2 protein chains.
Amino acid sequence: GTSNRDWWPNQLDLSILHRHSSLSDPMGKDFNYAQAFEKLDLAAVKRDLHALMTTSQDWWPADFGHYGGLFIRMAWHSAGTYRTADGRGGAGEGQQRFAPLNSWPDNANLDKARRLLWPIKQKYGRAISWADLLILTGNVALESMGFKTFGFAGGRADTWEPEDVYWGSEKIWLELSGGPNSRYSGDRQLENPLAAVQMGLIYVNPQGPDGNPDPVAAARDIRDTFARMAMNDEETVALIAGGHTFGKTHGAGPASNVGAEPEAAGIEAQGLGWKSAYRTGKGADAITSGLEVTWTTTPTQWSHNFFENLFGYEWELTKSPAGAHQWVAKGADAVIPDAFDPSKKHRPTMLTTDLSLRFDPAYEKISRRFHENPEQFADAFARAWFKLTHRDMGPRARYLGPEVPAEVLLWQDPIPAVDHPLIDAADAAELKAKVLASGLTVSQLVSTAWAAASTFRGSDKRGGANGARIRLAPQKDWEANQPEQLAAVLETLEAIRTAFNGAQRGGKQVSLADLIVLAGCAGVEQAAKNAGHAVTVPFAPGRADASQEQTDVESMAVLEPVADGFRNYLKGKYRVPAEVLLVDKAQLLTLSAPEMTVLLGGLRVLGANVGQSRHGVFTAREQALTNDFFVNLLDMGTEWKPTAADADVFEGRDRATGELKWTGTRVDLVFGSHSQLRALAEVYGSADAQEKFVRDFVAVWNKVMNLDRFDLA
Amino acid sequence: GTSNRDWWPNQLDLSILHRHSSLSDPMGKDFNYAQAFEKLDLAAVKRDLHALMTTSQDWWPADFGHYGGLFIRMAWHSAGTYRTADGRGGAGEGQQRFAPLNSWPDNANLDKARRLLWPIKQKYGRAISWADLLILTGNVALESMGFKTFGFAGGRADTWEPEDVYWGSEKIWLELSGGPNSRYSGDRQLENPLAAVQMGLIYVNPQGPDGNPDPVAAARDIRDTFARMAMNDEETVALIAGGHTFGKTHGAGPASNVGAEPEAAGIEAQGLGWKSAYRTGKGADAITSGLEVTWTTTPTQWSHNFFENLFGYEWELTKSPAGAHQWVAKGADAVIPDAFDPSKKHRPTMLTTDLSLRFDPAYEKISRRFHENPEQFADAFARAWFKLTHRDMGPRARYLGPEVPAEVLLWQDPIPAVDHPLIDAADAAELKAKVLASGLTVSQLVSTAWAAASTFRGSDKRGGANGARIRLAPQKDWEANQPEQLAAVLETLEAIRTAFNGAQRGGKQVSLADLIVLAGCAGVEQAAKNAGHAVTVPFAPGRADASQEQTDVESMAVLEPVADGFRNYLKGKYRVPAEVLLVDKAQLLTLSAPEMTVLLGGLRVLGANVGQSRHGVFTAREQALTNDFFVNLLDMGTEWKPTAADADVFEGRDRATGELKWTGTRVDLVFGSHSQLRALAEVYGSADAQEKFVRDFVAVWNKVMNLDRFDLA
Ligand code: HEM
Ligand code: HEM
Ligand SMILES: [Cl-]
Ligand SMILES: [Cl-]
Ligand code: NA
Ligand code: NA
């Protein structure tokens, strides 16, 4: 059946904004996963998981009698899709069980691992999500094998459909770089927001870059992709060596024996895939990656044998039974156990990417320290494993259950506890009046609170106004935030804060994070009053202020808005049309298409544009909250043409006289072009809509102010 | 950006079941369009529309000074996408304003018509939908030009995104027949459910079949496509000749002058398309279809001149200025007015498809009768226009406003008024007890009520249990309905009804339509009791019994389920996989994916399958309402293989013993295969879910029972 995407393959796609509707969710409207999980008997789940580790199923027999390596791999891949650039991927939504991840070549035979878990998922039902269970299973694997983990938080609610993520443009699984849809350009520069070297891989190719088995050049790919997953060199070595302390790879015969991935398999496969024609197709004969490597002498027990072997032997190149490049210690005795035959032993083997940890000079220093000090290795690995598997879980306030680690980590963008009474409604009213009396304008107030709150992204639940990090490095100097205007606003607000707090009794004080938000509320209230309407914008106190020392500046860089259509801002010139970047930003802000539409048309007339640009300011009463944007955008009396100077800026002229009325960008004019967006703009641009517009504006404004407020959840 | 549809183009698509979520709807959850419309001042709207008719705008000047022709065309195209095979298309959702219809070649320049109506839409806002306004504007055009309409009903709520409709498989707009994706095969047999001859046409090609200007062969296409749109010969001739009493076509220069359709046009085009480089690009120079025909001597006034000209002249083949085939009157004087120059006149002209009305023998007899009896023509066209524009609106209970015609029409599938007191709760308890005492089984009761209620389709809102049409021709004889079993159930229920009604006082009686549904409720209650649960199923009385003379048997045929996965029924072999047919039926029933899931798993264990098939009856307690379907479908102890005899039937065998446990179809096993469906099935198949399953089952059962209950809405 031919579809709209077939006829108009470049039209903007809005369906990303209406994923995750109540229609696709089996749970009731009022289901609260946190409440369910808080009553789980986590200890009982962990006992069942422990027993599972050594209870082999004949349809996928356990290597060495123990599923722990499989399950660590499973949990690492669940977490390993994460990209810092947009926060997408990661374990936090259990997306490994949906397309396309459930069928990525790097996730081969993890469909077996998930299926092994069904009896436990079934037993506990809605009290443990799949997302939580994949991570918990990896922790219990670790623990069962003698490794002390750093802790565990629950609270990853399940999702019910695929997320829309850009994973690349290649049309062939695993395509080597340099093709028509190459993710590389220049001197091996991977395109943002991608964090893997080939389509369908987690990070790197285990044989080496595009299959070339050079440990030195592989190290460059590891470093780059791990950095794009928020891990530095120490964390990267710890994670790779830690994980390869356990289990084995699977490459017993040629890869051509392996059949269709799950999404392509027949219905009788019942959601499994990669059925293999090689011998028994499983167990001793398993084929997963096509490598055949077993790292340590005790693959079911924590040890420091990975680095003993890596440093203790000299390595030579060889091929697995499927023909993949890997390495063997030919000088070694046969000390590595066989997974099924107690009468066989094997020499040590390593991947090309393992040898990277010894032959890249920076890695070698770290690997040597871990080798000589395996207690340092074990702490670094525990910490990095916790970070890997919680990186996309959001603020610590989301963490559930009895094993949450008490240590506060810099990467968590931590918010100090509030130890004092909060402002009440009367206090908030007094502060709103003081802000408006200071001389700060509607535009200043709205722009500042927007800048503070709109760094939130729901992909990894980082960002938002909590912390008052707008006042700190680097947010204070981001171009989108108008650093000299911002500095003057914050000085005024800080003076108001000092005066209020100095006048109080009995410990009551307001944070600057709360005041920035409250002051934006006052701006919105004043804008409505400018338009002849009395409204109260809701405000919830309880944000706290983080310090510069509690703020990782380099980690915060990926939150910088380089495109913010809601402020008509584009930091430079991108291949991606600006209207596409708008929808992407709306998706990160968790906005539907109606909410995006109302919010943008109101921000335009409140004076939120960077630089005070006139683009899209389709009103003669700027700083009044009206539906002017929509009424004037939709007026057929105005004709629109791209300017000679810039094809992405448009002039709106009176159709009869030629008189210049307005200018606008693609972000502005898409609302008059796109057939779904224009239908929305019509609702808000109708003569009966002034009350609706104001109410819907205030509701979406409040939603944005509260995106990071999981303390109130 | 590579998507799941790219990697797995044949995987089942569930997004169709989650269109139209509250996420995409700008109106609040509680907006009630019927209530808004009821308060509109329709008379004020109609005065505005009358004024618009001759208010010419320079960007699209009115032909002859009057937009009426353009607007009748616009309304005829809004309604003209309708197909009886599935009920999809039609005017009832205002889909003309969204892709792909807004950009179909046959809808060229209707983007201008819709834009002319923005100021009226804007003025009245939410109280008049676009869907209603398109139809209203066509009525006003008719009225304005001297034609008295049969009436008008409001009530078509707006929608906010494209419907998913199969419009064909061609990848080229307007592709002629016999291509790789041909919609024709055999002896010009058009594939169901399609009702147009080429992709992007409303019905037929105005030049003739595949462009061949043969009025006789064109007549064959007209008859077939119009019958696929629920119109017989009399209605077809009345509509074409009525419509072409007005206005003109547009073909002033070569079609190569006309630019991108709306969905492909530049952002500066602000939602319009087909910009033309020919002279002024508009008005006297307009190009729409490429034909240049004006039918009558008074194109802005109702007349009898269409049939005078059709019969009064002999016709010669000629070419328009764009090169299209059309016809000109031999020897005629220049009597037809020019649209813009009062000093020019033109000879009568006709389309190939107009000449069909004279040269097809059956049409000629009707056209002659209308020529000789123009009052008969006027009444037939009025009646047909009402039917055209209301065919997809559903029961008369949905019709709103002061111009609804009182006459009840056979095509409306009419339901007699209720003139008596309804049964109360005590009476319903008494009847349920009589039903369960009769010996009728759970399977009988559930199957009968399912058969009665599941004929509903939300595309055109036909069907459903109101009317008790299951007892009439043709529903009583449909194979899916198990005619012999059904007859024995109905006999028993009709005896219960007669006895109850005979014992009443004061006019109280129960209809058989209500009793059928109440008896199904009793079956579900009994099934719950069988499973050890205390459940009460909701029941709302007030259905009435329609007569055979109120039930057009030929129109009812299109409602026959030839595939009903809910009963594991497939009438024959289709190209389309059975699971795809299931999702299609769930969409017609207005179900989401969770609702489809719960409903099918419950129906299986209640004994709803046609023929008492054991396919998918994964329980050892048939006729008990449990979640056995899900728990047993998801048991990894069972292995599934297609049978040697039929690849679409599967055996489930104990994996260790080889013993046969179950059989299933594709409909059954898709719930264990498709990654989104299996996630749903896992919720219902978990140890904590028996209560949720029962409660969600009873809710979706009741939803299905009430689909046509617009008397309660
Ligand atoms: C440069 C990064 C990495 C590469 C290229 C890599 C590559 C692979 C490959 C090719 C296998 C074999 C899959 C199979 O054939 O069964 C695998 C196995 C495994 N990997 Fe990694 N890996 C990386 C990092 C990780 C990390 C960060 C962890 C966890 C902290 C991890 C843990 C595991 C485990 C436990 C297995 C064994 C699976 C089993 O016993 O069934 N790896 N790795
Ligand atoms: C065999 C079925 C039909 C065919 C092939 C047909 C074809 C066409 C075409 C080619 C045009 C010219 C479009 C343009 O260039 O602007 C048109 C115009 C029009 N048609 Fe039809 N038509 C059909 C049925 C109908 C019906 C059922 C109605 C209404 C009851 C209708 C009402 C009109 C009107 C009023 C116009 C004039 C538009 C104007 O003045 O701008 N037609 N038709
Ligand atoms: Cl994601
Ligand atoms: Cl439709
Ligand atoms: Na994420
Ligand atoms: Na329809």
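In the text below, chain A, chain B and the rest are named by the order of the sequence lines, each starting its count at 1. Note that ligands are numbered from 1 as they come in the structure, with each ligand's atoms numbered from 1 the same way.
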Q: Any idea which atoms of ligand 1 are less than 4.0 Å away from a heavy-atom of A/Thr353?
A: 5 (C)
Q: Of the protein's non-hydrogen atoms, which lies at the shortest distance from atom 30 (C) of ligand 1, and what is that distance?
A: A/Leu239 O, 3.2 Å
Q: In the protein, which heavy atom is nearest to atom 15 (O) of ligand 1, and how far is it?
A: A/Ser289 OG, 2.7 Å
Q: Measure from atom 39 (C) of ligand 1 to every heavy atom in A/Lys248, A/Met74, A/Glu292 and give the option owning the shortest one.
A: A/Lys248
Q: Applying side chain to side chain contact (heavy atoms under 4.5 Å, CB included), can you list everything that pairs with A/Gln301, at least two apart in sequence or on another chain?
A: A/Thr298
Q: Answer yes or no on whether A/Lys282 is positioned over the face of A/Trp60, meaning its NZ or CZ is under 6.0 Å from the six-membered ring centre and within 45° of the axis.
A: no
Q: Under 3.5 Å, is there a donor-acceptor pair linking the side chains of B/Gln96 and B/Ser78?
A: no
Q: For A/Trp295 and ligand 1, answer yes if some heavy atom of the residue is under 4.0 Å from a ligand atom, otherwise no.
A: yes
Q: Do me a favour and list the nearest non-hydrogen protein atom to atom 16 (O) of ligand 1 with residue, atom name and distance?
A: A/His250 ND1, 2.6 Å
Q: Centroid separation under 6.0 Å, is that true for the rings of A/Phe98 and A/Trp130?
A: no
Q: Below 4.0 angstrom, N of the basic side chain to O of the carboxylate: do A/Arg223 and A/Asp360 qualify?
A: yes
Q: Would you mind checking if A/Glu235 and A/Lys387 are paired as a salt bridge, meaning a charged N to carboxylate O distance below 4.0 Å?
A: yes
Q: Using side-chain contact (heavy atoms from CB on, under 4.5 Å), reason through A/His250 and A/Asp285 one step at a time and then give a plain yes or no.
A: CA-CA 8 Å; A/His250 308 80; A/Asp285 306 313; over 6 Å; no
Q: If the cut-off is 4.0 Å to any non-hydrogen atom of A/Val204, which atoms of ligand 1 fall inside it?
A: 1 (C), 5 (C)
Q: Only heavy atoms of A/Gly247, strictly under 4.0 Å: list the atoms of ligand 1 that pass.
A: 40 (O)
Q: Using a 6.0 Å cut-off, check whether atom CZ of A/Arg279 has over 12 heavy atoms from anything other than its own residue.
A: no
Q: Around atom 21 (Fe) of ligand 1, list the protein N/O/S atoms within a radius below 2.8 Å, excluding water molecules.
A: A/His244 NE2
Q: Between A/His390 and A/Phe152, how do the two ring planes meet: parallel, tilted or perpendicular, split at 30° and 60°?
A: perpendicular
Q: Going by the atom numbers of ligand 1, which of them fall below 4.0 Å from some non-hydrogen atom of A/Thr288?
A: 14 (C), 15 (O), 16 (O)
Q: Run the side chain to side chain contact (heavy atoms under 4.5 Å, CB included) test against A/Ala324 and tell me which residues pass, sequence neighbours left out.
A: A/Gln207, A/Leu291, A/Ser320
Q: Run the side-chain contact (heavy atoms from CB on, under 4.5 Å) test on A/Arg358 and A/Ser367 for me, step by step, so that the C-alpha distance in whole Å, both residues' side-chain angles and the decisive distance to 0.1 Å come before the verdict.
A: CA-CA 7 Å; A/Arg358 174 171 168 196; A/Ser367 301; 5.8 Å; no
Q: Run the numbers for me: atoms of ligand 1, each under 4.0 Å from some heavy atom of A/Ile72, listed by number.
A: 35 (C)
Q: If I only include protein atoms of type N, O or S, how many are less than 3.0 Å from the Na ion (ligand 6)?
A: 3
Q: Could you go through A/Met145 and A/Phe246, starting from their C-alpha distance and side-chain angles, then the distance that decides it, and tell me whether this counts as side-chain contact (heavy atoms from CB on, under 4.5 Å)?
A: CA-CA 9 Å; A/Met145 297 191 292; A/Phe246 304 100; 3.4 Å; yes
Q: Quick test of your reading of the model: are B/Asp86 and B/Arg83 salt-bridged, counting only N-O distances below 4.0 Å?
A: yes
Q: List the steps, then state whether salt bridge (charged side-chain N to carboxylate O under 4.0 Å, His left out) holds for A/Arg19 with A/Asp164.
A: CA-CA 9 Å; A/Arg19 288 284 184 249; A/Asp164 301 288; 2.7 Å; yes
Q: Would you please classify the geometry between the B/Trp167 ring and the B/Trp104 ring as parallel, tilted or perpendicular, with 30° and 60° separating the classes?
A: perpendicular
Q: For atom 9 (C) of ligand 1, what's the nearest protein heavy-atom neighbour? Residue, atom name and distance, please.
A: A/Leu351 CD1, 4.3 Å
